[PDB]
Amino acid sequence: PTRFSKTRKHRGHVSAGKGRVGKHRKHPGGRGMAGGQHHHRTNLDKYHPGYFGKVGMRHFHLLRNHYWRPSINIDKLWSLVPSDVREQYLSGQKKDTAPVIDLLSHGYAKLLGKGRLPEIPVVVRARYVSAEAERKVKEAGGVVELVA
Amino acid sequence: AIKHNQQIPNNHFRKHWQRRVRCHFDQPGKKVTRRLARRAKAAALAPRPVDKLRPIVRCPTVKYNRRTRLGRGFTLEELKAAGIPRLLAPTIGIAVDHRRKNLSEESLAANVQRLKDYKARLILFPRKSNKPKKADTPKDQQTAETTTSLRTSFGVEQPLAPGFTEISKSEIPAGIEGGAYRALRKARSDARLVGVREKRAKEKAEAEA
RNA sequence: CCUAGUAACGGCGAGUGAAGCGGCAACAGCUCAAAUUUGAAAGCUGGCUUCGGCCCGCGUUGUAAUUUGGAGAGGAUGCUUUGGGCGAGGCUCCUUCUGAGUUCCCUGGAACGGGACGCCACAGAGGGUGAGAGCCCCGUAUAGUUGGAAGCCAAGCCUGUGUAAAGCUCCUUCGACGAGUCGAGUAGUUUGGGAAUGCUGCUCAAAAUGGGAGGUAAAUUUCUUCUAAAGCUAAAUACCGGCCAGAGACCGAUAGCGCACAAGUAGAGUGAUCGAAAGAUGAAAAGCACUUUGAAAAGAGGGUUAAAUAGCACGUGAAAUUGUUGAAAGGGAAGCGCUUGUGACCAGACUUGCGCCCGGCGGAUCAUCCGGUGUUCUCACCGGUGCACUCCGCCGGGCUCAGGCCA
RNA sequence: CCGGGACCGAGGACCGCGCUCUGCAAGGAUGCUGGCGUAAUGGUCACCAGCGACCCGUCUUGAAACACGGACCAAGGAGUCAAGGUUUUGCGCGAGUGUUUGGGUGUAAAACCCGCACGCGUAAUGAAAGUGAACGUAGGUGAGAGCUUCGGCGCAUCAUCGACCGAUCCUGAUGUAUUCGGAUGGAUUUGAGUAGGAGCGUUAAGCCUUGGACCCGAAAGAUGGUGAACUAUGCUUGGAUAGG
RNA sequence: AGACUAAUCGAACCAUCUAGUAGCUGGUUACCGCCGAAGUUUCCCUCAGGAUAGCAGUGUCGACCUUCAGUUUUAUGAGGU
RNA sequence: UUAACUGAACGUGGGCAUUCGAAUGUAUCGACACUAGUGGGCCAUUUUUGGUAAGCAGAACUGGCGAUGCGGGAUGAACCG
RNA sequence: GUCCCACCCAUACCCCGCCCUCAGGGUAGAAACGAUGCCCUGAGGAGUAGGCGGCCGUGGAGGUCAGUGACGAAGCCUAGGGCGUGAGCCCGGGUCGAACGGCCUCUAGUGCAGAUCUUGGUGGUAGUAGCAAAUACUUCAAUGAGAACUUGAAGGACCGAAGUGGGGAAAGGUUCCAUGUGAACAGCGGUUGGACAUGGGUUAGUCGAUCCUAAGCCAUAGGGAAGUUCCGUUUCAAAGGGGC
RNA sequence: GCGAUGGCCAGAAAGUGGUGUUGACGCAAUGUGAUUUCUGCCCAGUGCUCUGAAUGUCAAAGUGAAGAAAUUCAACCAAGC
RNA sequence: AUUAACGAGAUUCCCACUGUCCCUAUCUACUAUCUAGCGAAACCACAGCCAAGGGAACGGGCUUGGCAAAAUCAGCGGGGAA
RNA sequence: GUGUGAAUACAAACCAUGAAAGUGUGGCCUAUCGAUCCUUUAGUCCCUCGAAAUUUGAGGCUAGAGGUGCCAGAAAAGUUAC
């Protein structure tokens, strides 16, 4: 909508708000990132430190699929079972059954461990697992298998 | 000419891009044309479905390894096991994949089940009405409700194996002897040192003897 | 569409920049060289023929059948499969036909305008007729209906039939597979391709479990996946150049294409080429008969029209600039701001209102009660009774209050 | 304590502070009277009169300038659009969010419905192989709006001392494919981290980059074509120039 | 003679690339209200120009925290005009 | 760290307000976000450098013109109010 | 030169009225309110470059006024009125002939004095500069509305055979002749015209072109070049013509 | 400078061209400028030209050695300098 | 270095000649001039009397003074930094 | 309140000197010098060459050197009197 924009309030004032001494010429300073090392160095060194230079080794023909392994913490593990079944377990009316959660189906590969866990035995099937995660799931009463 | 804190721009507008701009102002119009073509195709193939049977297939990378999907055609070994002539198969709507082959036995077993229950649901009008043959339909179980999609009636039942199950306590197994984190570390280090360890062993035996 | 502004290239500066996987649209598979039919060139252009054939020619330095890696050839074994002719009925194209007022009054030159009364509607999209017309006219909506030509799809019927050809299951053994090509060195160009991604020129020039590829140069030993140097084939995709059709929160004659008009025309240059300006009388020309002045162009009367303040220099007709009439000022500029004065011209406001007393006129009907209805449930409406010191309207006289401008 | 003059009259029932207290000069003007009821008061325009008054736009420390543009009138005439960022305002959902590449349907370029994948966010750090976030009621201290049984509990945020994850430098337990593994404990080191999630889509404004980029403006450079009717040189074929 | 090559020659004329680039001249269209500057520091083949800090506007949030001050007094230090 | 519970930092508990320990003001407290113009200056009292001097060139604290009309110096951006 | 009385006026100071901006308060058992309203109190107002807020106009789109109009819509003229501080809005009088407004949202090719701006039109200068090379005209009569530049007769002159004579090549294209004629052209006039209108006019065995070659151009045999095409004209060619 | 297997010059190339229907009393490239009288010294510098005994320098290809290979190390080495 | 002849080549002197000059005067033709007919252009912020002052340091406009009378014709080259 | 040059006070090691307390992180103090890319050396015994191994080769991480004097750092000869 152009009916309310600052260009409609400039009609009648010569120079259209761009100044009388500096007249808004075409390209004073150069096009693009010109002068990066010469007259725009102050900007490129107060901000963006690290722009120039080379670092690290290179890698020909990277295939991103080789590096697919999304993770999941340990406090969100209980959010993988439906709500109605979940409340039955946490409220304490089963006492004799344990859920076998399969991370791979729900789209996870590694089970990291960050939070706490309630003292109910479970069974986890993962591709990768961390040292801290293993300890917590084991002291709760369950075990973790490797499935590939 | 940067003036403030911004993100360093990179806009690939430096050729004569204005000469190659594509606008899709005919999105609804095309849709209408496609639907007209489908109805014409459906009317030409009067009693037959529109699509063609595909087999079940597992995705080929380590990512996406879990899901399954439809393939292109059935392999020659699959057709032979179900007992279907090599040349008759394409005519009756079953496809064929010149260049796929079966390594395991679950995909083989899955696909032969697919063919077998399809042949049970297949009618087959004779080539001439006045002279029926032995492999044709006997003209009395010939009137029934038919399907036309063949993608919904024969799609993948479940791409991903059930998320979770339940088992009685005191039936949960025990892990690997020492941990399940030490198991991974050990299995990694072994493959790292396969070359050196074997070489050292071989030299000692030959040198001693 | 996403991968992705990612891996990578780059005076590693400015900048440049793909591919695999994943979801969908559309789906369709195949033929030649390398084999001896060898118990019978079984093949083909041309000419003549009466339609059955014949003649010359091509060709054994290889024309048909058979085979193309999915295999296949050669063997057994038992099963199964294969020709013609009709054809209801349906789908495309053009062409015949389709409901309702011009009723009554007013303004107007002319109703398609205003008022009163009606009718049709699977049709109130659009245009014309003397001004905004659903019913004056063309068309518009729905499924049939008149007639005709050429094609397609197709329910189901009637007919032959073998040692000709085809398909499946097993096997000792065989199993032919594209050369100045692949590859290497060197030079140039190009790519994101980095001890060199593709292409091309020059030099060297292969092999049979061989060869290529496996994104960092080399040697040794394994592994994975395909089978090049011969060929054909619809659909999803691009485009307004050609032929047609439907539309727009687009422009409205200095705009919109250079062109709404006898526009790529008139015109300029030796030439390649450059390239405009220009829409609108009135409903209907009814485009001014006749008299008179003038050599004529034309003028004045007189006519047509609702209007000539529409007269082919024609709808409406602004400003710059000019003429006539009326008013005013002017001793080397004019215009302008604050404040009076003279002259000309002019908008407002006031011209009564309310109340009380007395007299006259006319009317239905004040308080109260009874019945019915509504509603905010205690306040009202309608019908009857109520009949003159009650109520209402008007006129005449008197009185209080207020109301315009300057002081 | 008594005179003389000028300018002004805002507000619109009582409510107040007071005094000389049947009232008042106390929280803002009333009373009596005259002429005229129209050009009289008032307004617009033209002219004379007293005082004042250099031509606009622009560059510039400085313009009325002997600085530049401008004879007059009518119409045309200049910060826009797209992709990608960023902060702020309004809206929907919320650990999730986003239908429209596509399909179904339709009174048909409208409106309505559908879901597999996918993008951003939910986890960081190293060049990399890799590893990967709780001792405490998710800590202690000083302030903090608010609540409170009055003792205290203390959101957001500010300052400070600690704890945990990755990288770097030391330390080197039980074990053992005897050369593999790296527990435990430290360090004037380091991170775009954790420590009871805040994001995704869309609307509007300012700003930035590439684009013809607010509008008009070069001396040059390249690709492809047309000219010896003037003039330069030459070839073939012709013509012309008294009398001493 | 840098002379002539269609009034054009120290490199002809015509169309396209082409709206070629400009740190340089010129212009940039209605009204009212509130706030209201700089020609200075550092860097650049920088000196008719840019980035950076400063001066300015708008939008807010935390309290109404009771803190602050281009100033004076009292006590106590430094200076070489 | 010291010969040492001798110190150093951070602390628990208690005591000292009856008056929180000079004047004046508080017509303006703290923090954050995004961004415009500017980056040629000139004049004056006092101090002062080069120059014979200049309506010349170059500096320090402050006040002005630029960006500002009004009354006075007859006239005049910088003077007096 | 020093001292002492009175007096004169700034947009400065004091008091009062009015406008706006900013700040602080009151207003529901609602007899209540464009609550974005009303009422009470105090202070302030200069400004280029620049920032923000509020309002007014133009061309189109959705909704609504059951809006105006041939008994006169839009447009234009008007020292005729009213409103607003202002951009602007509303009415009276004249001309004209078919469509047009108010309110809330959406949308943009949206507001002009300048740019030696673009196109079109018109002025002062101004009835001014000027219409002066090539020796030159005069009398009578006729036609005609009108005669210096039409015709006849008579005078006076010039070109003075390297002519202002008589014919041609290039170029021009009906300009040649007759009859008639309003306006336009013949830089004055015009009955006259190379102008305007209507008709007519160019005859070849003997004059040319057609035939032959010159300087030169282009096919064929061949060889280059990605190609449009460049070379090649007797060349490394099986190239013909005469009789019955 | 040149005896045609050649000198000077055109062309992208060619079974292509100009000088050339030419052959040193000729073709091609330069300087001075009638006649008369003359035209001195300098080969260090910049150019042009001449002979390869001298080995100083030296590319691709070729030769020898090490290595399992990529590769590295050595001689030999045309014209020009 | 000289050099006969030649030159619309540059330079100095002499004889004859003359309005080049002392020093100006007169005559003829065609315009300019007036009339009848026809009839443009450059240029132009507004315009057009001076002296001094200050000012962007040389004003037509400002301040202080001088002054100041309609409408016009032929010449002129100070100024309008034409 | 960026970089370069230079400087100050500690911490953890290993040392010199002195009987000892102590002193010493270049010259008694104020100047004496240098980015990205590339090459080269030192260090661990470290990571990678992405089908799997072993040795060559190459690429990485940390610290120095090869230099920009226009010294916050382009690679660069004249004339125009056409």
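For the structure, check the block above.
Each chain is numbered from 1 in the order of its written sequence, a scheme that can depart from the entry numbering, and any residue without coordinates is omitted. Lettering for chains starts from A, numbering for ligands starts from 1, and both go in the order in which the items are written. This view holds some of the chains of a larger assembly, and the values cover only those chains. For the side-chain quantities, the full set of heavy atoms in the structure was used; hydrogens and water were omitted.

## Observations regarding the interface of chain B and chain A
Right, so step 1: By definition in these notes, contact holds between two residues if any of their heavy atoms fall within 4.5 Å. The interface is formed by 29 residues belonging to chain B together with 39 residues belonging to chain A.
Right, so step 2: Both faces combined, the contact of chain B with chain A buries some 2900 Å², and carbon together with sulfur accounts for 62% of it.
Right, so step 3: Only one rule defines a salt bridge in this text: a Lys or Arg side-chain nitrogen within 4 Å of an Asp or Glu carboxyl oxygen. Applying the counting criterion to the chain B and chain A interface returns 0 salt bridges.
Right, so step 4: Two N or O atoms count as a polar contact when they lie within 3.5 Å, although within protein this holds only if one can serve as hydrogen donor and the other as acceptor, and sequence-adjacent residues are included solely when both atoms are side-chain atoms. At the boundary of chain B with chain A, the tally comes to 12 residue pairs in polar contact.
Right, so step 5: Under this grouping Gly is polar, as are all residues other than the nonpolar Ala, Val, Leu, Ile, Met, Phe, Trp, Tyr, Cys and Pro and the charged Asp, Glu, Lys and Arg. Taken together, the residues of the side of chain B that touches chain A break down into 14 nonpolar, 10 polar and 5 charged.
Right, so step 6: When DSSP locates at least two bridges between a pair of strands, those strands are taken to pair. Counting from the N terminus, the helices are the DSSP runs of H or I reaching at least four residues and the strands are the DSSP runs of E reaching at least two. Bridge analysis of strand β2 (residues 97-102) of chain A against strand β3 (residues 164-168) of chain B gives 5 bridges, and the strand direction is antiparallel. Residue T97 of chain A lies in a different strand from β3 of chain B, and its bridge partner there is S168 of chain B. Buried area is understood as the total, over both parts, of accessible area removed when two parts are fitted together, assessed with a 1.4 Å probe.

## Some details on the sheet that holds β3 of chain B
Right, so step 1: Spatially, the 4 strands line up as an open sheet ordered β6(A)-β4(A)-β2(A)-β3(B), and their pairing is mixed. The two strands at the open ends of the sheet, each matched to only one other strand, are β6 (143-146) of chain A together with β3 of chain B. Pairs of neighbouring strands in the sheet enclose a mean axial angle of 20 degrees, with direction left out of account.
Right, so step 2: In this sheet, strand β4 (residues 123-126) of chain A lies alongside β2 of chain A in parallel orientation, the contact comprising 3 bridges. Paired with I101 of chain A across the two strands is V124 of chain A, which belongs to β4 of chain A. Orientation is described by axes fitted as lines to C-alpha atoms, over the contacting stretch for helices, and by angles from 0 to 180 degrees between their N-to-C directions.

## A few points about the protein's contact with RNA strand F
Right, so step 1: Residue proximity to a molecule or strand is established when one non-hydrogen atom of the residue lies within 4 Å of it. Near RNA strand F, the surroundings consist of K18, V21 and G22 of chain A together with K3 and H4 of chain B.
Right, so step 2: Among atoms of RNA strand F positioned within 4 Å of the protein, sugar and phosphate together represent 100%.
Right, so step 3: At a separation of 3.5 Å, a phosphate oxygen of RNA strand F approaches a polar backbone atom of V21 of chain A.
Right, so step 4: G22 of chain A is positioned such that a nitrogen or oxygen atom in its backbone is 2.9 Å from a phosphate oxygen of RNA strand F.
Right, so step 5: Considered class by class, the residues forming the surface near RNA strand F number 1 nonpolar, 2 polar and 2 charged.

## Focus on the side chain of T68 of chain B
Right, so step 1: Within the secondary structure layout, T68 of chain B lies in strand β2 (residues 68-70).
Right, so step 2: Excluding its chain neighbours within four sequence positions, the residues that come into contact with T68 of chain B are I56, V57, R58, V156, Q158 and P159 of chain B.

## Notes on helix α1 (residues 27-44) of chain B
Right, so step 1: The end-to-end C-alpha separation of α1 of chain B is 27 Å, in line with the 26 Å expected for 18 residues at 1.5 Å each.
Right, so step 2: Where burial is concerned, little of α1 of chain B is hidden: 0 out of the 18 residues are buried. Given a helix with a known number of residues, its expected span is that number minus one, times 1.5 Å. Partly exposed residues are those whose accessible area sits between 20% and 50% of the maximum for their type, while under 20% is buried and over 50% is exposed, using a 1.4 Å probe and protein chains only.

## What to know about the layout of surface pockets
All names here are of chain B.
Right, so step 1: Only protein atoms enter the 1 Å grid, on which a cavity is a set of points fitting a 1.4 Å probe that cannot get out and a pocket is an open set with protein on both sides within 12 Å along at least 5 of 7 lines, lining residues being those with an atom within 4 Å of a point. Grid points are joined across faces, edges and corners, and a volume is the space filled by probe spheres set on the points. Within this model, the largest pocket holds a volume of roughly 1600 Å³.
Right, so step 2: As for the largest pocket, its lining consists of 45 residues, of which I92, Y118, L122, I123 and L124 are closest to the centre.
Right, so step 3: Of all the secondary structure elements, the ones that give two or more residues to the lining of the largest pocket are α2 (76-82), α3 (88-91) and α4 (106-119).
Right, so step 4: For the lining of the largest pocket, the leading source of residues is α4, giving 4 residues.

## Quick notes on the pattern of salt bridges
Right, so step 1: Enumeration over the complete set of coordinates arrives at 6 salt bridges over all chains.
Right, so step 2: Among the salt bridges present, the one from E139 of chain A reaches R135 of chain A, with a minimum N-O distance of 3.9 Å. Of this pair, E139 of chain A and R135 of chain A both sit in helix α3 (residues 131-139), 4 residues apart, roughly one helical turn.
Right, so step 3: Here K186 of chain B ties to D190 of chain B by a salt bridge, and the two come within 3.8 Å at their closest N and O atoms.

## Focus on the sheet that holds strand β1 (residues 71-72) of chain A
Residue and element names in this part refer to chain A.
Right, so step 1: An order of β1-β3-β5 is seen for the 3 strands of this open sheet, with the pairing classed as parallel. Each edge of the open sheet carries a strand with a single partner, namely β1 and β5 (128-129).
Right, so step 2: Of the strand pairs in this sheet, strand β3 (residues 110-111) and β5 are connected by 2 bridges, and their pairing is parallel. Residue pairing in the sheet places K110 in a bridge with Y128 of β5.

## Some thoughts on the environment of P85 of chain B
Residue and element names in this part refer to chain B.
Right, so step 1: Mapped onto the elements of the fold, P85 is located in the loop between α2 and α3.
Right, so step 2: Looking at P85, the relative accessible area reads 44%, which means it is partly exposed.
Right, so step 3: For the pair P85 and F74, spaced 11 residues apart in the sequence, the C-alpha separation amounts to 13 Å.

## Remarks on the environment of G56 of chain A
Right, so step 1: Relative to the helices and strands, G56 of chain A is located in the loop between α1 (41-46) and β1.
Right, so step 2: Between the alpha carbons of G56 of chain A and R86 of chain A there is a distance of 48 Å; along the sequence they are 30 residues apart.

## Some remarks on the nonpolar core
Right, so step 1: Residues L77, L103, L111 and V124 of chain A are the most contacted members of the largest nonpolar core, which totals 18 residues.
Right, so step 2: In contact with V124 of chain A, other than residues within four places in its own chain, are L77, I101, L103, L111, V137, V143, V144 and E145 of chain A.
Right, so step 3: As used here, the term nonpolar core means buried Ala, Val, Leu, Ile, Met, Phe, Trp, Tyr and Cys residues forming a set that is joined through side-chain atoms within 4.5 Å. In terms of nonpolar packing, the next biggest core, distinct from the first, is built from 11 residues, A82, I94, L115 and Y118 of chain B among them.

## Some points on unusual backbone geometry
Right, so step 1: The phi angle at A16 of chain A is positive, at roughly 50 degrees, despite the residue not being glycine.
Right, so step 2: One can find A16 of chain A in the segment before α1.
Right, so step 3: According to the relative accessible area criterion, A16 of chain A is partly exposed, its value standing at 40%.
Right, so step 4: Backbone geometry at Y64 of chain B places phi at a positive 65 degrees, although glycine is not the residue there.
Right, so step 5: Residue placement: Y64 of chain B occurs in the loop between β1 (56-58) and β2.

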